[PDB]
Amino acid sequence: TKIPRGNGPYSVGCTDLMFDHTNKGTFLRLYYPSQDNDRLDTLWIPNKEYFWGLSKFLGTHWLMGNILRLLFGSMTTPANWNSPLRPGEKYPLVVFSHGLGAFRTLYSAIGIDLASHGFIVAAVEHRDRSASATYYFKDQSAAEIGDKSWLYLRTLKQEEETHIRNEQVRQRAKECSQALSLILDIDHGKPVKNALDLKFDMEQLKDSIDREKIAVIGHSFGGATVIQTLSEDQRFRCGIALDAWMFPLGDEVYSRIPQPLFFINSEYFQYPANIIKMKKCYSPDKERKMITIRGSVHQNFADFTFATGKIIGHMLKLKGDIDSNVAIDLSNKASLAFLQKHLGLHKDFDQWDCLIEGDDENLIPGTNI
């Protein structure tokens, strides 16, 4: 039940930004390289209503909601809550898009590794009802009183899925572009009142972003987000789609993606119909790559892979054959390779270029479908 620390040189900080306070403003968790490395560790799932959301998502009873709370409610992630940003450089920025039933905090294994290598990571929380739960404030007085308003996962009928999944991944793309704009506006001084009263001052992020070096990363629905997002906003220079779920994308986007794009898949999630859509994005004029992590399952990319033991994990499909640490290191080192290659990072990550090709015992070049 331990999320792995950042393997890179930088001490990693973490905080939450919401702005504006509304249903229509941006909500994200930042993972950044931190000055001091001796703040408290960050509360992994920091409100009760998330556990209730996960129950509604998993399809448990009113009960397991508080079970999950009992077992996980006090779990931390190895990021220095509200630590000062490490000054003296413009860091590359990743926007990260959670999967269905996820929310902003469940991809901390990946955020903390990227920050420990020099990235700022904004992990958005979508308000398309794709999250188990999210929240916002109704009006200023509410945000002033801390009066949270909770939006829970929407379950769909067979007859809705096509249409509403598409409207949701568009809203997800919009949300990734809005988070990018909020962060770039903060980088250039626009004053912002965080709707969460937190010990991190947001004036710290002034001239902290390398505004030419931006990538969108996302698991599952998050992989569809990446693809849709890249389609709509070229500020995103390349995309990494972790185990994309391609159902939400209209046929129109496969034409419409200039930026390099890297499919990192688990062995046991993928299927013909889905793989056939990934292939649609390929073209001789554009850089697409695809590796499959051997032994991996869909959930090997999110942090619940790390929240139980061997036998319980494989029981609930949060763990596969491969070790969880091996799989996120491979995912993460191939990620850092693709980011250096296509953002132009002045770093040592090209040592892992062989992973982008799937030359490792635990990688399959392309797909097993």
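From 1 onward, residues are counted along the sequence shown. Rigid core (definition): largest C-alpha set, two forms, superposition within 1.5 Å.
**Q** 25-33 versus 58-66: which one's CA atoms end up farther from this form in 9 other deposited structures of this protein after a core fit?
**A** Farther from the shown form on average in 9 other deposited structures of this protein: 58-66.
**Q** Do the Cα atoms of 141-149 or of 193-201 sit farther, on average, from the shown structure in 9 other deposited structures of this protein when the rigid core is superposed?
**A** Result of the core-fitted comparison in 9 other deposited structures of this protein: 141-149 deviates more.
**Q** Going by the average Cα B-factor in the PDB entry, point out whether 17-25 or 343-351 comes out higher.
**A** Higher mean C-alpha B-factor in the PDB entry: 343-351.
**Q** On mean Cα temperature factor in this entry, is 326-334 or 60-68 the higher one?
**A** For C-alpha atoms only, the mean B-factor is higher in 60-68.
**Q** Per the PDB entry, which option out of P248, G99, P92, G88 has the greatest Cα B factor?
**A** Top of the list by C-alpha B-factor: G88.
**Q** In the PDB entry, which of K289, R294, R165, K280 has its C-alpha at the highest B-factor?
**A** Max CA B-factor in the entry, restricted to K289, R294, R165, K280: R294.
**Q** By the recorded C-alpha temperature factor, relative to the other modelled residues in its chain, which third is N368 in?
**A** Tercile = middle for this residue's CA B-factor.
**Q** Thinking about Cα B factors across the chain, which third does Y136 belong to?
**A** Answer is highest: the recorded C-alpha B-factor places it there.
**Q** Based on the deposited C-alpha B factors for this chain, I'd like to know if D233 is in the lowest, middle or highest third.
**A** Tercile = lowest for this residue's CA B-factor.
**Q** Comparing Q270 with the other modelled residues of its chain, is its CA B-factor in the lowest, middle or highest third?
**A** Within its chain, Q270 is a middle-third residue by C-alpha B-factor, going by the deposited values.
**Q** Report the third (lowest, middle or highest) to which the CA temperature factor of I311 belongs, ranking only the modelled residues of the same chain.
**A** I311: CA B-factor falls in the highest third of its chain.
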